[PDB]
Every structure is written in structure tokens, then in C-alpha cells.
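These notes are about the structure you will find just below.
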Amino acid sequence: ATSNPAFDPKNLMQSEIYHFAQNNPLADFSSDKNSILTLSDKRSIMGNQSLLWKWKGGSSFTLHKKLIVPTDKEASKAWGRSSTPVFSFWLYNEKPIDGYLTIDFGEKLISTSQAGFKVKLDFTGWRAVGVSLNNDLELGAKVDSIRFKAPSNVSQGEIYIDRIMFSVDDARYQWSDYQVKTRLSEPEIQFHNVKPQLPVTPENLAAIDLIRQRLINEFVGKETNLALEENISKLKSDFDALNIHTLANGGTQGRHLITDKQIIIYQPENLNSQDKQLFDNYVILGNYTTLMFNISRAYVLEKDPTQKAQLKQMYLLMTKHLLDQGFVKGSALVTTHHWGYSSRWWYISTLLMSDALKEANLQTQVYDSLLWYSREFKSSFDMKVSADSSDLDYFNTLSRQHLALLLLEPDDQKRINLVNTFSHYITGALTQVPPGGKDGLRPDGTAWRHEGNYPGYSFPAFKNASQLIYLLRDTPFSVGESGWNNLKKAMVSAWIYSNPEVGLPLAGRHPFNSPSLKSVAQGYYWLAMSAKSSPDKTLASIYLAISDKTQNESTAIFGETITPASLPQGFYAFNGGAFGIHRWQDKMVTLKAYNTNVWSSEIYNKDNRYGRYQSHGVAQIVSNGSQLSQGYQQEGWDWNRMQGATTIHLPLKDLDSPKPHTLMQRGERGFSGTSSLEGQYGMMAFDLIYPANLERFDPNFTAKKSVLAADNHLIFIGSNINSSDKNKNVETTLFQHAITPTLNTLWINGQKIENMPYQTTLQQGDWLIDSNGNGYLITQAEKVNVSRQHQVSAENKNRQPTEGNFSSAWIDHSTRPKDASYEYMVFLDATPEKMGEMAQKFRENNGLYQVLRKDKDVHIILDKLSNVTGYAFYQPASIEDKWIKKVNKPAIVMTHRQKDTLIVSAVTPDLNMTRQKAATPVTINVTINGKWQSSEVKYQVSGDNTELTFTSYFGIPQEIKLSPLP
Ligand SMILES: CC(=O)N[C@@H]1[C@@H](O[C@@H]2OC(C(=O)O)=C[C@H](O)[C@H]2O)[C@@H](O)[C@@H](CO)O[C@H]1O
Ligand SMILES: CC(=O)N[C@@H]1[C@@H](O[C@@H]2OC(C(=O)O)=C[C@H](O)[C@H]2O)[C@@H](O)[C@@H](CO)O[C@H]1O
Ligand SMILES: [Mg+2]
């Protein structure tokens, strides 16, 4: 509080705050006959004093202060987001009052004399009032009077007031409560309830009290986002610093409590220095509720009873302070948005302290409070199964807090009903295929957030939904098998595409900080141990493999001997992120494309700036372990040269995303992704097409990039490669990896190269091995550059410059101005001796493989080592082949002739959906040559050939073993 008016054009963003820690603190205040104004030093929000206002009814005191009340425009411009100016104060009732406080504003007001609003005084403890001065009254510019009037209808009474504040606030966040009406209401939770209801029995009550216990077990013997403190001497010291003293005739004095979001109303950074020093003595709810939960764990584990007793008292005094501060049902506190961040550990803390809260007679207030403030999550907490109920953030940060609030219901019949309903909710939520790009599991094992497959949001969702099914296992509240089967598809799928980090292609907006399966390991145990036929061996063997445990350790954990899982082998299609995984020995290759329904990349204001090529027909080879150890180093990484990728080599100023905030660039057609055969073999098909006019994106840049994966190798081909600039700087990257003392060695045609720098160029018949033991034989190219060199780059968050030394090799496509092509072959078990034999076999008429067609319509790769053929129909076509004659849709087809059966697989990686519409199954006619008979694939012999009817749903390949008709 300065003599400068509120919302001074001169300093619009500077809050004016009546807090009474200044001199002649009531100078700006006048009362009438029938009101007295004192300071009490006994309760306070800011400073250590508050306005004790004693009043006959009808009485009034005026606050003399000039207000240059802006428009919603002026204030929005001053700050930078939709804004309003807000009138806001705290008041305490020691005893409720049956009637309304009037706040009126005008010019040179007295007792007897524009617009104002009402506060219902029927409550005790602190409440917070918060109005937009443009939208919540019933305004001029020349206002100097704010007059508080006690109700006519009450005869006398007494109100403490503090922190009367004019300030610029976010216009989403002045909320209606049981005291004040605003334009804004966050409606209270209305629990769905499923039929038939479970009855209160001793059985059903024992399950509830067990679920509570299994929950307490999980938080008393490490959680992400929990600032765990086991040291009692620290909890004690922290609690002391709060200065909470019980007051004689009810409630507390202590340091004022505020959420991370509540502090906005103050506009802290613009606060006069008097006001910022007082704002600094506030406590952040998040730290407070973290200390409560840390205390509740300490109490549940403490053996010494004197100290166990001291812990209970601490927790109870902190609960009382919390409710006296006006964190109770019907108190909005102006707002509480992002309540999860400030309170997630309060929810859980009530589980550990259920009994103490019962004795202290606080269980009913504390449930009422958490239930009010939970109205924010109404669309999950209400527990009606919708299209949005499969949200992966809720499974991470909200699911256990939700169950904890349910378990705190006083009435036994209501508790069972809520937990019964919450089981049917969770089941639906992990069972349903959400429409479009809505969050949640999908039929192929993918798991969507931000409208796409997203390991970085699914991995923590997988851990906590696994733990949820385990808390309810073998009870009448146990989750449906459908939800258990589906979470398992997803988590087996994550074991397949991790090794143990997900690839760079699946790093989302966080390249080089891939999520690890290591942080989701407990989930493999929870899910194994919660199977209808427990334990599930598959999931158990994954748990042992991921958590680094021996067959010997398994019997204690799972109660029978299970061999830790050996790394998945073969090929798995995952067209929900237009990708596939090839696994051989300890290596995983992430093949990634994109399309209408799969963004190439997530790029935000400060994430993945150089991400443009994340999904450009990439094929990152990762051996089991740390990717950084294998030289996937961000420092000096050449963002143009993602392994496998056909790109234009831009400078970083131009590779940087054109949109300064958010771009998630979707493809130009439905068709790109992978398909599998016999679970051993894959083909990628990627049609590279750029937008017709997006800044920094060459509209004429194109490629058809196909890959056929079998056993220890992959055949890579390219056709119809074009740019606006005759393929100037158009490269296909074979590999890129850091040089270290451990990753020191490149091989070229039998020769070790350890030199730094080093450049050379290669052509057809040449070969290399990188420091990770991947060999590249070049089978059709004019010009393959090799480089060992100091590279300069920039990190994907704040584009700050980096550098390091890299080994790299790429095809230079600028030697073919129109329709540039390539072929190369990757060996994953490579050595100088075996690559020399592979090269000899290549020179013997290519006994490695034959390309039977390579154009804008079809690629066809026959792999002669595997005796498998892959067919990438970029367009429907009739072809000439031993096996496949005609496909009437863009598709990926595969053949393997084995002794006297022909196995055909088919799919469209096209998901056949939009961001809103739900996927429907595309029907693919594959005619094949000659007569066959034999799986949900249909076959009809028509003339001297055979029509196959593959049903492609969410790009899940189907196949059929045929045998030949005489
Ligand atoms: C605000 C922004 O940049 N993006 C929005 C998304 O929010 C991000 O992701 C999440 C999350 O919980 O999933 C939290 C953080 O607020 C932010 O990093 C998200 O709402 C998304 C939905 O597709 O779209 C953006 O508006
Ligand atoms: C995709 C994403 O941003 N997920 C969020 C978390 O980030 C991941 O986890 C961590 C970490 O080690 O804490 C670092 C990286 O940011 C990323 O792999 C994290 O912000 C979390 C906090 O609640 O929310 C996740 O969804
Ligand atoms: Mg004060």
C-alpha cells in the first residue's frame, strides 16, 4: 500500500495491498458511529496483524483509495494473456452470521450514498473473496471509495479482515463458492454408481480395508514427484518453522498457505518491495502437504511410541491449520487450479492417517474438503465412462488420489458403492478403444497422449494402472479381465520397443532423454501378480529381465521358478506410431515413418526444435543398454542425419521449426508404416511428401523409402527422390554415432580407421562397420560420404550451442538431379571377415537379394538369405510376380514359401481414422497366382487364381498359410 492509486497507468501490474505492516496503518480507513476498527495481532494472512471490525447491523467502514480501473483489454495487453482487474480480501468469522456483507465502490462515499457485490457470512475460519471489477459487480474510472457494509438483518457481530488487494489476475480463475457469486463456477462432483450394488458384508468390508492397507504398503516401503523425507529430526524442524499455535476459542495462527497457482493474483514479480518481503513468509501448499505425507509415513513406521505420538500430533495440528486457512468444502479460495500439484500427497496421507482422523473427528471435514477441491477433476472423478476416461495423465498423477478420496467416504454402504463403481470405471478406461486421437491404449499395443503413441506419457501410466489392478486383485473390486488383457498387450509391446530405453524415434519431444522400461519395472510384477491365473509367466519373466533378477530369485517373489525373459526376437508392427521393431540377438531397430494420423514429431517452444526428421524413414539400431554408451550423444549431434533417414541437410536456423511455439506436423497421406510376417520379418513402406506451402519445408521434397527386415540383416531401398533444387544436400544417413575411447573404430573394406578427422567417399561394392558392430554393404549408390569430424550442433531445449566428435556416413543424392535412388544392406552381427563374404556373395550376381520392382507405385524386395518377399504397394496396382498378382488398395504384403505352404501377410499401415473419427477396418483384396486352399483371412478360388480378403484394423497385419491345389 502506497499513496499511488490502484492500477496506476504508470505501474499497472503493481498490486496495492492493505496488510497493515506500514505506519498510520488506518489512515486510508474511516468508520461510521456504529463501527469500531482495531488491529488484532492474534490471526493474520500477511504481516502479523488483521482488521478487527466490530459493528451494529447496517453499519459501514470505508477504505479511501483511488482506483484507475482498467478494461479487460488494457490489463490483457499489460500482462500478455486474457486478463481482468480483481478485488480480493481474506476474512475470518469466529462465529457464523446469518446474512450478507455488501462491498460497494463509488466516489467520495459515506454511510448513506454505483456497483458492488455480496459475501454470505454463514461460515467460520478464513474465507477468500475474489471478484473481476469489470464482470462480477451489479464501473466508472473516477472511483476512490470501497465501502464494506454489515447486514441490516443481524443486530451486531464481529469480523477479522486482512490483505485487501487490487491486482491484475488471470480471467479464467475467479471461481464461485458458497460465499461469492462470479461469472465462473467449477461444478461439484456427482458420483455415477453402477448396478447391481455390492452389499455391506464382512467379506466386502474386509476387501475395502485391505485395499486401503495394500495402498499404505506402497507409500511406506521410491515414487517420482514425491520429495520423500524419512529423517524425523528434519520433519520436526520443518514443522516448527510453520509457527502453528492453537487459539483459545477455536482455529489457528500460523504461516499463510498458498498453492503454486494462487500466487498469480498477487502478480509477485511486480510487487512493491514491502509487499514481496511479506509474500516471502507464505508457505506453498505443495511443500506443506508433502510434509504432512512425509510425517504420516514416519508415524506408520515409527517403533518408539513417545515419537510415534509426536508425529500423530504434528499431522493433526497441520490438518487443523489447513482447514482453518479455508481449505474446506464451499471455499473456492478465488481458485485452486492444478490442485493435483499442491495436494496429490494429502489424498494419499489420509490413507495412512484414516484412524487418527476418525478419533480426532476430522475425517468428515477432510473428505468434504478433498471432495470439493476435486471438482476440478469432475470428468474423471464422477466415474462415468466417456471417450476421454482413458487419459494417461490421470493414470499417472490422479488415479491413486481418486481411490484414496473414495476410501475416506464415512458411510460403509457409500464407500463400497464408490469403490465398486471406480472398479467398473478403471475397467472401461483400460478396455475401450478411444475414438480418434483421444488418450489411451489401442489394439496394437500403442498408448496415446497428445493424439499419438507417446512412451514418455504411457510409461508412468503403465506403472500406476498396473499398481491399481494389484491393489484390487482377488477382491470383488478387482478390475475386469478385459482391462487386464489390454494393459498387458501394451506392456508386452513396450518390452518389445525398449532395449531398455525406447529409440530416438519414440523419444517424442525429448530426444536423447528416452524414457526407460527400468522406471516401469514394478508394473511387470503388479500385473503378473494380478492375473486371474496368477502369476502370469510372460509378465513375470519380463519383470525378472528388466529388474535384473535371476531365475534363483523368482520363487520367493512369484512363488514358483520362472526363467528371466530373453530379449524378444523377430519383427513387430506398430502402425499406431507408423513404426515396426526388428530384434536380433541383443539389438532392436526402430523403423519409423509418419502420415495423416501420426505426427512426425512434437516440437514445443522449448522442446525438440531440430526434430523435423524424427520419423523420416529412420531405422535407429540400439544394442541392449544405454544409447549414450552406443554414442547417441546430443552434444554436436547432426540433427539432419537421423540414422536411416532421407533428409535435406539444412542449417539449424532453417531446420528449426517454423512455428515458434507448437508444431506436430502430420503427413500428407494415410499410407506409411510397417507390416510383419510370422512375427520374424518386417517391411517398412514410407511415402515422404511435404506440405504444399509450409515455411522452411521444400514442397517438392519426396522419397519412396522401403526396408525389409529378416534375421541378422535389413535391405534398404529408395526411388523417386526429388527436391526443388535438383537433390542439392539431399542425403540418406547410414549411421551417426559419437567417437569415444570405447567407440573408436570404423571399418572400410577391411581397413581400421581411427583417424580424427577423416573423410572418404564410397560406391557400389564398398562396405563399412560402425563402432557398434553394424555393417553397411553399399549395393546401388554413386556417392556415399564417410566422415570422422568435430561437429557443432545446438540442444533441443534452448538451442544453445554444443559440439563433439562423430563418425557418420551418408548417400549424396545431388549426383542424380531427378529421381535419385539407393540400395544398401545392414548386417547386425557384422565383422570384417563376414562383410568380406557378404560382399563376395553380392558380386556373385547379388546372391543377397533382388529388387523385382522399384518405382512410385510398388517396391518389391526378394530377400534371398530368408527366402521372403516384401511388397510395398504405394498405390493399388496389378504386378508381375511368382505369387502376388493384384492389390486394390495401398498396402504392405509379404510372402514366404516354406517346403509346401505359401504364407502371405497383408495390412494397410493406414489407420483409416481422423483426430475425431474412430478407426474402421479396411478390406484389402490380394489376388495371388494359381490355386490354393488352407486365421480370419478369407480365400476364394476365381479362374486359375485365388482372391484373398484381408481385413486391416488399426494396421494390425493378418496372414494365412495356404497349400497348393492340384
Ligand atoms: C500448453 C502446451 O504447450 N501444450 C498443450 C499440452 O500440455 C502439455 O503437456 C502436458 C500434459 O499433461 O500432457 C502438460 C503441460 O501443461 C504441457 O507440457 C496438452 O494439453 C496438449 C493436448 O494434446 O496440447 C497442448 O495445448
Ligand atoms: C513426455 C513428458 O514430458 N512426460 C512427463 C515427465 O517427463 C519425463 O520424465 C522425466 C523425469 O526424469 O522426471 C524427464 C523427462 O522430462 C521425460 O522423459 C515429467 O515432466 C512428469 C512429471 O509429473 O510428467 C510426465 O508425463
Ligand atoms: Mg496483515
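Following the order of the C-alpha cells, chains are lettered A, B, ..., residues in each are numbered from 1, and ligands are numbered from 1.
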*Tell me which protein, DNA and RNA residues are within 9 Å of residue 934 in chain A, counting only C-alpha atoms, leaving out same-chain ones fewer than 5 positions away, and put them as a list in words.*
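My reading of the contact set: residues 901, 939, 960, 961, 962, 963 and 964 of chain A.
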Produce a table with one row for each residue of chain A that has an atom at most 6 Å from any atom of ligand 1, each row naming the nearest atom pair and its distance in Å at one decimal; use only C-alpha atoms and all ligand atoms; arrange rows by chain and rising residue number; format as a Markdown table.
| residue | atom | partner | partner_atom_place_in_ligand_line | distance |
| --- | --- | --- | --- | --- |
| A:393 | CA | ligand 1 | 12 (O) | 5.8 |
| A:450 | CA | ligand 1 | 23 (O) | 3.6 |
| A:451 | CA | ligand 1 | 23 (O) | 5.9 |
*For residue 488 in chain A, work out the shell of residues within 9 Å, counting only C-alpha atoms and skipping chain neighbours fewer than 5 positions away, then give it as a ChimeraX atom specification.*
/A:445,483,493,524,527,539
_Residue neighbourhood residue 956 in chain A, 7 Å, only C-alpha atoms, exclusion window fewer than 2 positions, as a list in words_ =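 Close residues of residue 956 in chain A: residues 444, 907, 952, 953, 954 and 958 of chain A.
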Report as CSV the residues of chain A within 7 Å of ligand 2, each with its shortest atom pair and distance in Å (one decimal), using only C-alpha atoms and all ligand atoms, ordered by chain and increasing residue number.
residue,atom,partner,partner_atom_place_in_ligand_line,distance
A:224,CA,ligand 2,13 (O),7.0
A:225,CA,ligand 2,23 (O),6.1
A:393,CA,ligand 2,26 (O),6.5
A:397,CA,ligand 2,23 (O),6.9
A:456,CA,ligand 2,1 (C),3.9
A:457,CA,ligand 2,26 (O),4.5
A:460,CA,ligand 2,26 (O),6.9
A:508,CA,ligand 2,1 (C),6.9
A:509,CA,ligand 2,1 (C),6.9
A:510,CA,ligand 2,18 (O),6.4
A:513,CA,ligand 2,18 (O),5.7
A:514,CA,ligand 2,18 (O),5.9
A:515,CA,ligand 2,18 (O),4.8
_Protein and nucleic residues near ligand 3, 12 Å, only C-alpha atoms and all ligand atoms, as a PyMOL selection string_ = chain A and resi 1+17-22+25+39-52+89-91+160-165+255-256+275+278-279+281-282
*In Å, how far is it from CA of residue 459 in chain A to CA of residue 588 in chain A?*
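Going from CA of residue 459 in chain A over to CA of residue 588 in chain A covers 18.5 Å.
Here CA of residue 909 in chain A stands at a distance of 23.2 Å from CA of residue 866 in chain A.
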*Which residue of A:900, A:421, A:526, A:361 approaches residue 218 in chain A most closely, using only C-alpha atoms*: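 So, comparing all the options, the nearest one is A:526.
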Which residues come within 6 Å of range 731-747 of chain A, counting only C-alpha atoms, excluding same-chain residues fewer than 3 positions away, as a compact mmCIF listing (two decimals) with N, CA, C and O atoms, in the first residue's frame?
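And here's around-v8.txt as it stands now:
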# COMPACT_ATOMS: atom_id res chain seq x y z
N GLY A 631 26.95 -44.13 -28.31
CA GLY A 631 27.26 -42.87 -28.99
C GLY A 631 26.03 -42.11 -29.48
O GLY A 631 26.22 -41.27 -30.37
N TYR A 632 24.83 -42.34 -28.95
CA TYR A 632 23.68 -41.43 -29.21
C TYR A 632 23.80 -40.28 -28.20
O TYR A 632 23.09 -40.23 -27.24
N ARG A 641 20.87 -35.82 -39.73
CA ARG A 641 21.38 -37.19 -40.03
C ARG A 641 20.93 -38.14 -38.93
O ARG A 641 21.80 -38.59 -38.10
N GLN A 643 19.76 -41.73 -38.16
CA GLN A 643 20.07 -43.00 -38.87
C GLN A 643 18.87 -43.43 -39.75
O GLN A 643 17.74 -43.42 -39.24
N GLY A 644 19.10 -43.81 -41.01
CA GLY A 644 18.09 -44.40 -41.92
C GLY A 644 17.39 -43.38 -42.82
O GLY A 644 16.89 -43.76 -43.94
N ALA A 645 17.41 -42.12 -42.35
CA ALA A 645 16.56 -41.01 -42.80
C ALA A 645 17.06 -40.45 -44.14
O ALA A 645 18.30 -40.20 -44.27
N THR A 646 16.11 -40.16 -45.05
CA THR A 646 16.31 -39.26 -46.21
C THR A 646 15.85 -37.86 -45.81
O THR A 646 14.66 -37.66 -45.52
N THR A 647 16.78 -36.91 -45.79
CA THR A 647 16.53 -35.51 -45.38
C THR A 647 17.16 -34.51 -46.36
O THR A 647 17.93 -34.90 -47.22
N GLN A 751 39.68 -52.26 -43.61
CA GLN A 751 40.72 -51.34 -43.05
C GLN A 751 40.14 -50.65 -41.81
O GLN A 751 39.01 -50.15 -41.87
N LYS A 752 40.89 -50.67 -40.72
CA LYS A 752 40.57 -49.93 -39.48
C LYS A 752 40.87 -48.47 -39.76
O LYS A 752 41.91 -48.20 -40.39
N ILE A 753 40.00 -47.56 -39.34
CA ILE A 753 40.19 -46.09 -39.48
C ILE A 753 39.93 -45.42 -38.14
O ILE A 753 38.77 -45.42 -37.76
N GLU A 754 40.94 -44.90 -37.43
CA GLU A 754 40.81 -44.39 -36.03
C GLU A 754 41.20 -42.92 -36.05
O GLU A 754 41.38 -42.29 -35.00
N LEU A 768 31.24 -50.78 -44.83
CA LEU A 768 31.75 -50.25 -43.54
C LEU A 768 31.19 -51.08 -42.37
O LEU A 768 30.16 -51.79 -42.55
N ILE A 769 31.79 -50.92 -41.19
CA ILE A 769 31.22 -51.38 -39.90
C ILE A 769 31.35 -50.17 -38.96
O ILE A 769 32.44 -49.58 -38.99
N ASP A 770 30.33 -49.81 -38.19
CA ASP A 770 30.42 -48.69 -37.22
C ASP A 770 30.97 -49.25 -35.88
O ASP A 770 31.31 -50.43 -35.82
N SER A 771 31.14 -48.43 -34.85
CA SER A 771 31.77 -48.84 -33.58
C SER A 771 30.81 -49.71 -32.78
O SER A 771 31.23 -50.16 -31.71
N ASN A 805 32.75 -35.03 -31.28
CA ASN A 805 33.33 -35.66 -32.48
C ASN A 805 32.43 -36.82 -32.85
O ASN A 805 32.06 -37.52 -31.96
N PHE A 806 32.12 -37.00 -34.12
CA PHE A 806 31.16 -38.03 -34.59
C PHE A 806 31.78 -38.78 -35.76
O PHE A 806 32.52 -38.17 -36.53
N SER A 807 31.52 -40.07 -35.83
CA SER A 807 31.61 -40.90 -37.05
C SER A 807 30.22 -40.92 -37.69
O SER A 807 29.24 -41.18 -36.93
N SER A 808 30.16 -40.76 -39.01
CA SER A 808 28.91 -40.52 -39.78
C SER A 808 29.13 -41.09 -41.18
O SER A 808 30.25 -41.09 -41.60
N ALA A 809 28.10 -41.55 -41.88
CA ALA A 809 28.19 -41.91 -43.31
C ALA A 809 26.84 -41.75 -43.98
O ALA A 809 25.87 -42.24 -43.41
N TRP A 810 26.79 -41.15 -45.16
CA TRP A 810 25.52 -40.80 -45.85
C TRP A 810 25.64 -40.91 -47.36
O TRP A 810 26.75 -40.68 -47.90
N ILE A 811 24.53 -41.24 -48.02
CA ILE A 811 24.42 -41.18 -49.51
C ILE A 811 24.15 -39.73 -49.94
O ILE A 811 23.19 -39.11 -49.39
N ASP A 812 25.03 -39.20 -50.82
CA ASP A 812 24.86 -37.89 -51.51
C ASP A 812 24.06 -38.09 -52.80
O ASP A 812 24.57 -38.71 -53.76
N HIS A 813 22.83 -37.58 -52.80
CA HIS A 813 21.80 -37.82 -53.84
C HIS A 813 21.87 -36.72 -54.90
O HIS A 813 21.15 -36.88 -55.91
*In range 342-531 of chain A, what's alpha helix (DSSP H) per DSSP? Answer as a VMD selection string?*
chain A and resid 342 to 352 354 to 359 363 to 373 378 to 381 392 to 397 399 to 406 412 to 431 455 to 471 481 to 496 521 to 528
Grab the residues selected above and save them as a short mmCIF file (atom, residue, chain, number, x, y, z; two decimals), in the first residue's frame with C-alpha atoms.
data_model
loop_
_atom_site.label_atom_id
_atom_site.label_comp_id
_atom_site.auth_asym_id
_atom_site.auth_seq_id
_atom_site.Cartn_x
_atom_site.Cartn_y
_atom_site.Cartn_z
CA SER A 342 -0.48 -28.82 -4.49
CA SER A 343 -2.35 -31.73 -2.79
CA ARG A 344 -1.68 -35.15 -4.51
CA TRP A 345 0.15 -36.33 -1.28
CA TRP A 346 -2.61 -35.02 1.03
CA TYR A 347 -5.05 -37.55 -0.61
CA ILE A 348 -2.51 -40.37 -0.01
CA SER A 349 -1.61 -39.04 3.52
CA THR A 350 -5.32 -39.57 4.68
CA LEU A 351 -4.91 -43.39 3.90
CA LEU A 352 -2.01 -43.76 6.46
CA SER A 354 -7.53 -42.90 8.44
CA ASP A 355 -7.75 -43.96 12.13
CA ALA A 356 -6.13 -40.84 13.71
CA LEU A 357 -8.58 -38.69 11.64
CA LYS A 358 -11.57 -40.77 12.92
CA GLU A 359 -10.54 -40.29 16.67
CA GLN A 363 -12.45 -37.49 8.77
CA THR A 364 -15.72 -35.79 7.69
CA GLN A 365 -14.30 -32.23 7.21
CA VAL A 366 -11.17 -33.62 5.44
CA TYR A 367 -13.25 -35.76 2.97
CA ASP A 368 -15.64 -32.81 2.36
CA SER A 369 -12.52 -30.60 1.56
CA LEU A 370 -10.63 -33.02 -0.79
CA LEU A 371 -14.06 -33.75 -2.48
CA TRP A 372 -14.84 -30.01 -3.11
CA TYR A 373 -11.31 -29.23 -4.49
CA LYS A 378 -15.06 -33.82 -12.27
CA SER A 379 -14.85 -35.52 -15.74
CA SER A 380 -12.67 -38.38 -14.31
CA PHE A 381 -13.80 -38.36 -10.60
CA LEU A 392 -2.79 -41.18 -19.39
CA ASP A 393 -2.08 -38.18 -17.10
CA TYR A 394 -4.91 -39.29 -14.73
CA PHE A 395 -3.43 -42.85 -14.51
CA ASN A 396 -0.10 -41.17 -13.51
CA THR A 397 -0.98 -38.23 -11.20
CA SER A 399 -5.76 -42.49 -10.13
CA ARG A 400 -4.48 -43.34 -6.55
CA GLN A 401 -5.53 -39.90 -5.21
CA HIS A 402 -9.04 -40.72 -6.65
CA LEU A 403 -9.17 -44.20 -4.90
CA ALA A 404 -7.88 -42.60 -1.63
CA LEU A 405 -10.72 -40.00 -1.69
CA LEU A 406 -13.24 -42.81 -2.31
CA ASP A 412 -19.80 -48.03 4.64
CA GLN A 413 -22.57 -48.58 2.00
CA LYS A 414 -21.46 -45.42 0.05
CA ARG A 415 -17.74 -46.36 0.21
CA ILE A 416 -18.45 -49.85 -1.25
CA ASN A 417 -20.68 -48.25 -4.00
CA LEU A 418 -17.93 -45.72 -5.00
CA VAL A 419 -15.11 -48.33 -4.97
CA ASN A 420 -17.44 -50.78 -6.85
CA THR A 421 -18.06 -48.00 -9.48
CA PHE A 422 -14.34 -46.96 -9.60
CA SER A 423 -13.51 -50.59 -10.49
CA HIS A 424 -16.06 -50.54 -13.42
CA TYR A 425 -14.60 -47.08 -14.43
CA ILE A 426 -10.89 -48.24 -14.47
CA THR A 427 -12.00 -51.44 -16.38
CA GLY A 428 -13.83 -49.44 -19.10
CA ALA A 429 -10.93 -46.93 -19.15
CA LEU A 430 -8.27 -49.66 -19.93
CA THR A 431 -10.75 -51.76 -22.09
CA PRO A 455 6.09 -43.70 -24.45
CA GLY A 456 7.04 -40.62 -22.33
CA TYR A 457 3.35 -40.31 -21.05
CA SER A 458 2.34 -44.06 -21.27
CA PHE A 459 5.34 -45.45 -19.20
CA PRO A 460 4.21 -43.70 -15.93
CA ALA A 461 0.53 -44.51 -16.86
CA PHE A 462 1.54 -48.25 -17.34
CA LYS A 463 3.23 -48.27 -13.81
CA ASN A 464 0.28 -46.75 -11.80
CA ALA A 465 -2.55 -48.62 -13.70
CA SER A 466 -0.53 -51.84 -13.06
CA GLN A 467 -0.33 -50.89 -9.33
CA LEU A 468 -4.12 -50.05 -9.33
CA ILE A 469 -5.10 -53.57 -10.61
CA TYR A 470 -2.72 -55.08 -7.96
CA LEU A 471 -4.36 -53.07 -5.06
CA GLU A 481 -10.11 -59.23 -17.32
CA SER A 482 -10.70 -57.11 -20.47
CA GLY A 483 -8.75 -54.16 -18.88
CA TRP A 484 -6.05 -56.61 -17.64
CA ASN A 485 -5.64 -58.26 -21.14
CA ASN A 486 -5.35 -54.82 -22.80
CA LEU A 487 -2.89 -53.25 -20.34
CA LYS A 488 -0.80 -56.47 -20.93
CA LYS A 489 -0.84 -56.16 -24.80
CA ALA A 490 0.52 -52.57 -24.20
CA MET A 491 3.25 -53.52 -21.65
CA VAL A 492 4.49 -56.62 -23.63
CA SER A 493 4.54 -54.17 -26.63
CA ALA A 494 6.68 -51.67 -24.55
CA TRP A 495 9.11 -54.51 -23.64
CA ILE A 496 9.40 -55.17 -27.44
CA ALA A 521 9.68 -52.46 -13.82
CA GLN A 522 7.44 -52.66 -10.59
CA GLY A 523 4.48 -52.66 -13.10
CA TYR A 524 5.57 -56.03 -14.63
CA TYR A 525 5.28 -57.51 -11.06
CA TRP A 526 1.94 -55.82 -10.09
CA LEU A 527 0.44 -57.04 -13.42
CA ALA A 528 1.90 -60.61 -13.34
#
